[PDB]
Amino acid sequence: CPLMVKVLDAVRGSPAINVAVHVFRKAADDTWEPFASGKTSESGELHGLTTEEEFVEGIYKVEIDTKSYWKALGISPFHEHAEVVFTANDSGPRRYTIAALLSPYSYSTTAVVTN
Amino acid sequence: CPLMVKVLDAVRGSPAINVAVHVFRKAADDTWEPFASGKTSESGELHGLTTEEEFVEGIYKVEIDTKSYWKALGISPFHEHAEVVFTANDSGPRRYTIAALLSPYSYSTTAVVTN
Amino acid sequence: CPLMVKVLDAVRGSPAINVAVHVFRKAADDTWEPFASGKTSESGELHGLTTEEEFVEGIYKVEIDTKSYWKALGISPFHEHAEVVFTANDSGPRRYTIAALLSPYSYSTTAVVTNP
Amino acid sequence: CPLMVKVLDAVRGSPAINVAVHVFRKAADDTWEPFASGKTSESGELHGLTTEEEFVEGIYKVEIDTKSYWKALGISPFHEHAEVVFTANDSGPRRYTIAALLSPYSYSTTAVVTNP
Ligand SMILES: O=C(O)c1cc(-c2ccc(F)cc2F)cc(I)c1O
Ligand SMILES: O=C(O)c1cc(-c2ccc(F)cc2F)cc(I)c1O
């Protein structure tokens, strides 16, 4: 409930469906440890990645597999994937939404943090 | 239900609340006639602008009063407002979401059309 | 020049070439008066729209004709055009770059404003 | 040059100056090897990172140090950095411009790819 991911398609004007998303947490030795993953729904959303109990302060990476998404549509893309890296802080609001708007040679990403 | 507007703030990482939004429809004589309006909610959303019965094919303009939003926050903005102009077509999906992501000197806008 | 427009294509990863651009200025009577127009070059840039002398204080609208652009590529896009409306030169002369990044159902626009 | 990076500030309406940028290339062993680095100029541009000879086929990562940028302006931003990962030169040499538009809680990036 603390972390949700939403992906939109700027070519078709639609949610980006069945996009793979991987989340990692930074470990003591500076490597990225798998944390959570899933595929976006028909609404372009990925819910249920983690819980309040598990989502402690730390540095997290969200990797969105944009290349496979475009290839499935028959479109040649530029990026291998989209990556969003951020620090989770207990000071700020409690719910994080990471959103990405996708085009073949561009993407935009923003965070909405509420509560 | 056919038309919803969502506004986000890229400086604060939050919904853009209490932003004025005006919708117009293009008339026969080429002028813009008021159609619907409102202010975004605490979630940054504006629901209930129109009905399926009233939202006929035509050219529509959505004007978002970004200047007043930034001025209320004490921030000097570039744009007078953000404007989104589009044709509604019965061919395509039935529900239109117009989203805008706001910064003082930039904005991005996208449309999600579903069903 | 004091006003330049740059347009990029996010589907192709290229400048958006031959895009029509019309500029208007709000008149004393509150109507939009034609001010300048042109088309983007092979670099996606449009220079020479105006001069420091002619580009006085006022509210300006830069209308970028994205629909025509996309239709010629075989795409039926969402927007009729992209419109950028701003006050210019109200604290003295500035140089303005208006940039737009285009996709079929989305666009992003930003401005870079410098002082000579 | 075959690889240029441009960075803009959406809060100020200006080039983003003195932004650190690090480039890496994926090694045969699947690790990220340092490839080039630099900082943006007063124009927000970073030129001279590499040459056509050195910029061979491979997977590259361009890491833009946005957090440090924002903190010096008194803003605590959301992202640690902005990272752009792409395959380059796999159909022969190309010229790449990587552009990034920055806000405290958002960034947009695009690429323009041309053939000389
Ligand atoms: O629900 C959302 O969070 C949402 C977000 C966007 C959006 C995403 C990235 C961006 F740069 C601009 C946007 F409007 C666009 C739409 I349409 C959205 O619905
Ligand atoms: O010269 C440029 O490459 C340039 C690019 C942008 C820009 C950058 C990223 C983006 F997502 C959208 C833009 F318009 C904005 C401006 I103003 C530019 O001048």
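Below, chains carry the letters A, B, ... as their sequence lines are ordered, and counting in each starts from 1. Order of appearance sets the numbers: ligands from 1, and atoms from 1 within every ligand. Below, all heavy atoms of this structure are taken into account, side chains as well, without hydrogens, waters or symmetry copies.
- Distance from atom 12 (C) of ligand 2 to its nearest protein heavy atom, with residue and atom name: C:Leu101 CB, 3.7 Å.
- Atoms of ligand 1 found under 4.0 Å from any heavy atom of A:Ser108 (numbered from 1 in listed order, with element): 11 (F).
- A side-chain N or O of B:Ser68 and one of B:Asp65 form a donor-acceptor pair less than 3.5 Å apart.
- Neither the backbone nor the side chain of D:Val112 has a heavy atom within less than 4.0 Å of ligand 2.
- Using a 4.5 Å cut-off on side-chain heavy atoms (C-beta onward), C:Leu49 and C:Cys1 make no contact.
- For atom 1 (O) of ligand 1, the nearest non-hydrogen atom of the protein is A:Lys6 NZ, 3.4 Å.
- Contact check for B:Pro77 versus B:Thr66: no side-chain heavy atoms found under the 4.5 Å cut-off.
- For B:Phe55 and B:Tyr96, the ring centers sit closer than 6.0 Å to each other.
- Looking only at side-chain heavy atoms (C-beta outward), A:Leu102 and A:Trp70 come within less than 4.5 Å of each other.
- The single protein non-hydrogen atom nearest to atom 14 (F) of ligand 2 is C:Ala99 CB, 3.5 Å, given as residue, atom name and distance.
- Nearest non-hydrogen protein atom to atom 4 (C) of ligand 2 is D:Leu8 CD1, 3.7 Å.
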